[PDB]
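**Q** Enclosed is the structure file input21.csv (CSV, C-alpha atoms and all ligand atoms).
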```csv
chain,number,residue,atom,x,y,z
A,1,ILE,CA,-0.4,-12.8,-9.4
A,2,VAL,CA,-3.5,-11.4,-11.0
A,3,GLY,CA,-3.3,-8.0,-12.6
A,4,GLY,CA,0.5,-7.7,-12.3
A,5,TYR,CA,3.3,-7.2,-14.6
A,6,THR,CA,6.3,-9.2,-15.8
A,7,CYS,CA,9.1,-8.4,-13.3
A,8,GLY,CA,12.0,-8.9,-15.6
A,9,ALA,CA,14.6,-11.6,-15.3
A,10,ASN,CA,16.4,-11.7,-11.9
A,11,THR,CA,15.0,-8.3,-10.8
A,12,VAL,CA,13.6,-9.8,-7.7
A,13,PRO,CA,16.8,-11.6,-6.5
A,14,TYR,CA,15.5,-12.9,-3.2
A,15,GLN,CA,12.6,-14.7,-4.8
A,16,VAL,CA,12.8,-18.5,-4.8
A,17,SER,CA,10.7,-21.3,-6.3
A,18,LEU,CA,10.1,-24.3,-4.1
A,19,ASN,CA,10.2,-27.4,-6.3
A,20,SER,CA,9.1,-31.0,-5.6
A,21,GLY,CA,9.1,-32.1,-9.2
A,22,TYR,CA,7.3,-28.9,-10.1
A,23,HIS,CA,6.9,-25.4,-8.7
A,24,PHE,CA,4.5,-25.4,-5.8
A,25,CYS,CA,5.3,-22.2,-3.7
A,26,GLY,CA,7.4,-19.2,-3.4
A,27,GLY,CA,9.9,-18.2,-0.7
A,28,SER,CA,12.4,-15.6,0.2
A,29,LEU,CA,16.1,-16.0,0.6
A,30,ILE,CA,17.2,-14.4,4.0
A,31,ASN,CA,20.9,-15.5,4.1
A,32,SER,CA,23.0,-17.8,2.1
A,33,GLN,CA,21.7,-20.9,3.8
A,34,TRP,CA,18.0,-20.0,4.8
A,35,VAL,CA,14.7,-19.4,3.1
A,36,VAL,CA,11.4,-18.1,4.7
A,37,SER,CA,8.1,-19.4,3.3
A,38,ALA,CA,4.6,-20.2,4.4
A,39,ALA,CA,4.0,-23.1,6.8
A,40,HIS,CA,1.1,-24.2,4.6
A,41,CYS,CA,3.7,-24.8,1.9
A,42,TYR,CA,5.4,-27.5,4.0
A,43,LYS,CA,6.2,-30.8,2.4
A,44,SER,CA,9.2,-33.3,2.3
A,45,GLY,CA,11.5,-33.4,-0.7
A,46,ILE,CA,11.9,-29.7,-1.3
A,47,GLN,CA,14.5,-28.4,-3.8
A,48,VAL,CA,15.0,-24.7,-3.6
A,49,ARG,CA,15.5,-23.0,-6.9
A,50,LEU,CA,17.3,-19.6,-6.8
A,51,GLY,CA,18.0,-17.2,-9.6
A,52,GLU,CA,14.9,-18.3,-11.6
A,53,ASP,CA,13.0,-16.3,-14.2
A,54,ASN,CA,11.3,-18.8,-16.5
A,55,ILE,CA,10.8,-21.8,-14.2
A,56,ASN,CA,10.5,-24.1,-17.3
A,57,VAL,CA,13.8,-23.1,-19.1
A,58,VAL,CA,17.4,-23.2,-17.8
A,59,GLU,CA,18.5,-19.7,-18.6
A,60,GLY,CA,21.9,-19.6,-16.9
A,61,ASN,CA,21.6,-18.0,-13.5
A,62,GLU,CA,19.9,-20.7,-11.5
A,63,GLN,CA,21.1,-22.5,-8.4
A,64,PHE,CA,19.2,-25.7,-7.4
A,65,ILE,CA,19.9,-26.7,-3.8
A,66,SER,CA,18.0,-29.4,-1.9
A,67,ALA,CA,16.6,-28.5,1.6
A,68,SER,CA,18.3,-30.2,4.6
A,69,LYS,CA,15.7,-29.2,7.1
A,70,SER,CA,12.2,-27.6,7.3
A,71,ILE,CA,11.0,-25.8,10.6
A,72,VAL,CA,7.4,-24.9,10.7
A,73,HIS,CA,6.5,-22.3,13.3
A,74,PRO,CA,5.8,-23.8,16.7
A,75,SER,CA,2.3,-22.3,16.9
A,76,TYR,CA,1.2,-22.8,13.2
A,77,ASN,CA,-2.5,-23.6,13.1
A,78,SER,CA,-3.4,-25.0,9.7
A,79,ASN,CA,-7.2,-24.4,10.3
A,80,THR,CA,-6.9,-20.6,10.9
A,81,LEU,CA,-3.5,-20.1,9.2
A,82,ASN,CA,-2.3,-18.3,12.2
A,83,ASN,CA,1.5,-18.2,12.3
A,84,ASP,CA,1.8,-19.2,8.6
A,85,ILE,CA,5.6,-19.2,8.4
A,86,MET,CA,8.3,-21.7,8.0
A,87,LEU,CA,12.1,-21.7,7.6
A,88,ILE,CA,13.9,-24.0,5.1
A,89,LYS,CA,17.7,-24.6,5.5
A,90,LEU,CA,19.7,-25.3,2.3
A,91,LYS,CA,22.1,-28.4,2.2
A,92,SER,CA,24.8,-26.1,0.9
A,93,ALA,CA,25.1,-22.3,0.9
A,94,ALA,CA,23.9,-20.3,-2.1
A,95,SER,CA,26.5,-18.3,-4.0
A,96,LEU,CA,25.3,-14.8,-3.5
A,97,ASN,CA,25.6,-12.4,-6.4
A,98,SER,CA,23.6,-9.6,-8.2
A,99,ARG,CA,20.9,-12.1,-9.2
A,100,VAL,CA,20.7,-14.3,-6.1
A,101,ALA,CA,20.6,-12.1,-3.1
A,102,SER,CA,19.1,-12.1,0.4
A,103,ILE,CA,16.4,-9.8,1.6
A,104,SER,CA,16.7,-8.0,4.9
A,105,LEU,CA,14.4,-8.7,7.8
A,106,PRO,CA,12.4,-5.8,9.1
A,107,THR,CA,13.4,-3.8,12.1
A,108,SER,CA,9.8,-2.4,12.6
A,109,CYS,CA,6.4,-3.3,11.3
A,110,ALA,CA,5.2,-1.5,8.2
A,111,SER,CA,2.3,0.8,8.4
A,112,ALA,CA,-1.0,0.8,6.4
A,113,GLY,CA,-0.4,2.8,3.2
A,114,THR,CA,3.1,1.7,2.6
A,115,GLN,CA,3.8,0.5,-0.8
A,116,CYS,CA,5.2,-3.0,-1.3
A,117,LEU,CA,6.2,-5.5,-4.0
A,118,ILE,CA,4.6,-8.9,-4.2
A,119,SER,CA,5.9,-11.5,-6.6
A,120,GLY,CA,5.4,-15.1,-7.7
A,121,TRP,CA,4.7,-17.7,-10.3
A,122,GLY,CA,1.1,-18.3,-9.4
A,123,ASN,CA,-2.2,-18.1,-11.3
A,124,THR,CA,-2.8,-15.0,-13.3
A,125,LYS,CA,-6.6,-15.4,-13.5
A,126,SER,CA,-9.4,-14.9,-11.0
A,127,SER,CA,-11.6,-17.3,-12.9
A,128,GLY,CA,-10.0,-20.2,-14.6
A,129,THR,CA,-6.3,-20.9,-14.6
A,130,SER,CA,-3.2,-19.7,-16.4
A,131,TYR,CA,0.2,-20.2,-14.8
A,132,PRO,CA,3.0,-18.0,-16.1
A,133,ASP,CA,6.4,-19.4,-16.6
A,134,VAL,CA,8.2,-16.0,-15.9
A,135,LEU,CA,8.0,-14.2,-12.6
A,136,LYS,CA,5.2,-11.7,-12.1
A,137,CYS,CA,5.1,-8.7,-9.9
A,138,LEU,CA,2.5,-6.4,-8.3
A,139,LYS,CA,2.9,-3.1,-6.5
A,140,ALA,CA,0.3,-2.8,-3.8
A,141,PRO,CA,-0.3,-1.0,-0.5
A,142,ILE,CA,-0.7,-2.4,3.0
A,143,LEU,CA,-4.4,-1.9,4.1
A,144,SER,CA,-5.5,-0.8,7.5
A,145,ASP,CA,-6.1,-3.4,10.1
A,146,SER,CA,-9.8,-2.2,10.4
A,147,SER,CA,-10.3,-2.6,6.7
A,148,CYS,CA,-8.7,-6.1,6.8
A,149,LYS,CA,-11.0,-7.2,9.7
A,150,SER,CA,-14.0,-5.7,8.1
A,151,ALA,CA,-13.2,-7.6,4.9
A,152,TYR,CA,-12.7,-10.9,6.8
A,153,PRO,CA,-14.8,-10.9,9.9
A,154,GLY,CA,-13.6,-13.3,12.6
A,155,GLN,CA,-10.5,-14.3,10.7
A,156,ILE,CA,-7.7,-11.7,10.9
A,157,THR,CA,-5.2,-12.2,13.8
A,158,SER,CA,-2.4,-10.0,15.0
A,159,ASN,CA,-0.1,-12.1,12.8
A,160,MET,CA,-1.8,-11.2,9.6
A,161,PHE,CA,-2.2,-8.1,7.4
A,162,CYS,CA,-4.1,-7.3,4.3
A,163,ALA,CA,-2.5,-5.7,1.2
A,164,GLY,CA,-4.0,-4.9,-2.2
A,165,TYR,CA,-7.0,-3.2,-3.6
A,166,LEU,CA,-10.5,-3.4,-2.3
A,167,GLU,CA,-11.9,-2.7,-5.7
A,168,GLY,CA,-10.6,-6.0,-7.0
A,169,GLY,CA,-8.5,-6.9,-10.0
A,170,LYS,CA,-5.0,-7.0,-8.5
A,171,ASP,CA,-3.9,-9.6,-6.0
A,172,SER,CA,-1.7,-12.6,-5.3
A,173,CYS,CA,-3.1,-16.0,-6.0
A,174,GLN,CA,-2.7,-19.8,-5.8
A,175,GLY,CA,0.9,-20.7,-6.5
A,176,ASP,CA,2.2,-17.4,-5.1
A,177,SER,CA,1.9,-18.8,-1.5
A,178,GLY,CA,5.0,-18.5,0.6
A,179,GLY,CA,6.5,-15.7,-1.6
A,180,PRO,CA,7.6,-12.2,-0.5
A,181,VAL,CA,5.9,-8.9,0.2
A,182,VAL,CA,8.8,-6.4,0.3
A,183,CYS,CA,8.4,-2.8,1.5
A,184,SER,CA,11.3,-0.3,1.5
A,185,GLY,CA,13.9,-3.1,1.0
A,186,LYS,CA,12.6,-5.3,3.9
A,187,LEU,CA,10.6,-8.5,4.0
A,188,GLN,CA,7.3,-7.6,5.6
A,189,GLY,CA,5.0,-10.3,4.5
A,190,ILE,CA,4.5,-13.8,3.2
A,191,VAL,CA,1.8,-14.7,0.7
A,192,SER,CA,-0.7,-16.6,2.9
A,193,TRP,CA,-4.4,-16.7,1.9
A,194,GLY,CA,-7.5,-14.8,0.6
A,195,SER,CA,-11.0,-15.7,-0.7
A,196,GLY,CA,-10.5,-16.4,-4.3
A,197,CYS,CA,-8.1,-13.9,-6.0
A,198,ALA,CA,-8.6,-10.3,-7.0
A,199,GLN,CA,-12.2,-10.2,-5.8
A,200,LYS,CA,-13.9,-7.0,-4.7
A,201,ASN,CA,-13.7,-6.5,-0.9
A,202,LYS,CA,-11.5,-9.6,-0.5
A,203,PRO,CA,-7.9,-8.4,-0.4
A,204,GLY,CA,-4.8,-10.7,0.0
A,205,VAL,CA,-3.9,-11.8,3.5
A,206,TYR,CA,-0.2,-12.0,4.4
A,207,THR,CA,1.8,-13.3,7.4
A,208,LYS,CA,3.2,-10.4,9.4
A,209,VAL,CA,6.9,-11.1,9.3
A,210,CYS,CA,7.9,-8.4,11.8
A,211,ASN,CA,6.3,-10.4,14.6
A,212,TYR,CA,8.7,-13.3,13.8
A,213,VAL,CA,12.1,-11.7,13.7
A,214,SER,CA,13.2,-12.9,17.1
A,215,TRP,CA,12.0,-16.5,16.3
A,216,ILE,CA,13.8,-16.4,12.9
A,217,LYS,CA,17.1,-15.1,14.3
A,218,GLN,CA,17.1,-17.5,17.2
A,219,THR,CA,16.2,-20.4,15.0
A,220,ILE,CA,19.0,-19.7,12.5
A,221,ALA,CA,21.5,-19.2,15.3
A,222,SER,CA,20.9,-22.7,16.6
A,223,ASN,CA,20.1,-24.8,13.5
B,301,CA,CA,14.9,-21.2,-15.3
```
Represent the structure of the file as C-alpha cells.

**A**
Amino acid sequence: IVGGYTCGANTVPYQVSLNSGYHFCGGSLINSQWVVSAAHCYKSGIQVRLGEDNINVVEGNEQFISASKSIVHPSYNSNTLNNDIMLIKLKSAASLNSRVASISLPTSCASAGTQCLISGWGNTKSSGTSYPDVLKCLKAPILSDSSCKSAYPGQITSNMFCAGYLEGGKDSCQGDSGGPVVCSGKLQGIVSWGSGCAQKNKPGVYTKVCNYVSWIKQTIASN
C-alpha cells in the first residue's frame, strides 16, 4: 500500500497473509475453512496465516493453517487477468474470534463513490521498494466504470473495477495482490493489477467480487 496508514494490530480481522516460506499475497477469510484471493496468486505449498500484524514477529494471535486445496476460477485468463479470483480451503477450521473473523460476501455490487478499505503488506513506495512488516490500510473510493476504462483503454472487463485516486499518491501495490477491498462491511474487491503503483491516471484495478458470489457459494457447498 502506497500512501496509506498503519492499520493497527488485528483491526482488519479477515485479512490473511499467504505464505510459502515468505509472504507473497493477501487474502480474505470468508468462513472458518475458506479464503478468497486472486488467481494470479496461485501456487502449491500455501500456508494461510491468520491473525497477523507484524508478519515477521510472533505476537500471539496468529493461526497458521496449511491449504488443503486451491480452486482457481474456471474462466481465469492470466493474460488479461479476467476472472482474477481463487478459493483456498484450509486443512483445519480456523478458530474464529475478535481478531480472526470472516468477512461477509456482498449481496449487491457497490457503486462508484462508495468508500472502501484496502489493506495489505505490499510495497509502500511507487519508485523503489520498501515492504512493511505491519499491516497497512488505505481508504479509497470506487471509481466510475467510464473513468476506469478511460484510464485503461481496452483492458477493463465487466469483472473489474477501479478504486483510488486519479491524482496519484495512494494505491495498492505489489505484494498486496489477493487482499481485500471492503465497503460497508462486505468484500467487494480483490487486489488485482494496475500500471505501476500510485501513478497519476492509473488507479488500482480490482476483481469485482459481487459477480462471483454464486460461484463462491456453490464451490464451498461442494468442496
Ligand atoms: Ca506475526

**Q** Could you list, as a PyMOL selection string, all the residues within 6 Å of ligand CA 301 (chain B), counting all atoms listed in the file?

**A** chain A and resi 52-59

**Q** So, with all atoms listed in the file as the atoms that count, which of A:51, A:132, A:45, A:141 lies closest to residue 67 (chain A)?

**A**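 Among the listed residues, A:45 lies closest to residue 67 (chain A).
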
**Q** Which value, in Å to one decimal, gives the distance between CA of residue 161 (chain A) and CA of residue 78 (chain A)?

**A**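 Atom-to-atom, CA of residue 161 (chain A) to CA of residue 78 (chain A), that is 17.1 Å.
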
**Q** Residues proximal to (4.3, -3.2, -2.4) were defined as those with any atom within 7 Å of that point in the file's coordinates, counting only C-alpha atoms. Which are they, as a ChimeraX atom specification?

**A** /A:115-118,138-141,181-183

**Q** Of the residues A:44, A:37, A:61, A:159, which is the one nearest to residue 85 (chain A), using all atoms listed in the file?

**A** A:37

**Q** Just want the 12 Å neighbourhood of residue 84 (chain A), counted on only C-alpha atoms, with same-chain residues fewer than 5 positions away dropped. Output as an mmCIF file with C-alpha atoms, in the coordinates of the input.

**A**
```cif
data_model
loop_
_atom_site.group_PDB
_atom_site.id
_atom_site.type_symbol
_atom_site.label_atom_id
_atom_site.label_comp_id
_atom_site.auth_asym_id
_atom_site.auth_seq_id
_atom_site.Cartn_x
_atom_site.Cartn_y
_atom_site.Cartn_z
ATOM 1 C CA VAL A 36 11.400 -18.100 4.700
ATOM 2 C CA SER A 37 8.100 -19.400 3.300
ATOM 3 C CA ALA A 38 4.600 -20.200 4.400
ATOM 4 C CA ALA A 39 4.000 -23.100 6.800
ATOM 5 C CA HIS A 40 1.100 -24.200 4.600
ATOM 6 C CA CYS A 41 3.700 -24.800 1.900
ATOM 7 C CA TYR A 42 5.400 -27.500 4.000
ATOM 8 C CA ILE A 71 11.000 -25.800 10.600
ATOM 9 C CA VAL A 72 7.400 -24.900 10.700
ATOM 10 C CA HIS A 73 6.500 -22.300 13.300
ATOM 11 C CA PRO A 74 5.800 -23.800 16.700
ATOM 12 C CA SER A 75 2.300 -22.300 16.900
ATOM 13 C CA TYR A 76 1.200 -22.800 13.200
ATOM 14 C CA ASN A 77 -2.500 -23.600 13.100
ATOM 15 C CA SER A 78 -3.400 -25.000 9.700
ATOM 16 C CA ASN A 79 -7.200 -24.400 10.300
ATOM 17 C CA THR A 157 -5.200 -12.200 13.800
ATOM 18 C CA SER A 158 -2.400 -10.000 15.000
ATOM 19 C CA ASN A 159 -0.100 -12.100 12.800
ATOM 20 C CA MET A 160 -1.800 -11.200 9.600
ATOM 21 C CA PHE A 161 -2.200 -8.100 7.400
ATOM 22 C CA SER A 177 1.900 -18.800 -1.500
ATOM 23 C CA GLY A 178 5.000 -18.500 0.600
ATOM 24 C CA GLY A 179 6.500 -15.700 -1.600
ATOM 25 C CA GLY A 189 5.000 -10.300 4.500
ATOM 26 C CA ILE A 190 4.500 -13.800 3.200
ATOM 27 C CA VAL A 191 1.800 -14.700 0.700
ATOM 28 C CA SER A 192 -0.700 -16.600 2.900
ATOM 29 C CA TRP A 193 -4.400 -16.700 1.900
ATOM 30 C CA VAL A 205 -3.900 -11.800 3.500
ATOM 31 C CA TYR A 206 -0.200 -12.000 4.400
ATOM 32 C CA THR A 207 1.800 -13.300 7.400
ATOM 33 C CA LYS A 208 3.200 -10.400 9.400
ATOM 34 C CA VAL A 209 6.900 -11.100 9.300
ATOM 35 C CA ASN A 211 6.300 -10.400 14.600
ATOM 36 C CA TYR A 212 8.700 -13.300 13.800
#
```

**Q** Do you have the CA of residue 3 (chain A)-CA of residue 186 (chain A) distance handy?

**A**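 Distance between the two atoms: 23.1 Å.
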
**Q** For residue 49 (chain A), which residue among A:151, A:93, A:163, A:16 is the nearest when counting only C-alpha atoms?

**A**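 Among the listed residues, A:16 lies closest to residue 49 (chain A).
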
**Q** Rank A:187, A:102, A:110, A:13 by their smallest atom-to-atom distance to residue 62 (chain A), using only C-alpha atoms, and report the top residue only.

**A**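 Checking each candidate against residue 62 (chain A), we get A:13 as the closest.
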
**Q** Would you mind reading off the distance between CA of residue 33 (chain A) and CA of residue 176 (chain A), one decimal, in Å?

**A**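 Spanning CA of residue 33 (chain A) to CA of residue 176 (chain A) is a straight-line distance of 21.7 Å.
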
**Q** For residue 154 (chain A), which residue among A:80, A:169, A:68, A:7 is the nearest when counting all atoms listed in the file?

**A**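 Residue with the minimum atom-to-atom distance to residue 154 (chain A): A:80.
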
**Q** Counting all atoms listed in the file, which of A:106, A:21, A:120, A:128 gets nearest to residue 172 (chain A)?

**A**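 Smallest distance to residue 172 (chain A) is found for A:120.
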
**Q** Please, which residues are within 8 Å of (-8.5, -6.8, 10.6) by the file's coordinates, counting only C-alpha atoms, and could they come as a list in words?

**A**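 Those residues, ordered by chain and then number, are residues 144, 145, 146, 147, 148, 149, 150, 151, 152, 153, 155, 156, 157, 161 and 162 of chain A.
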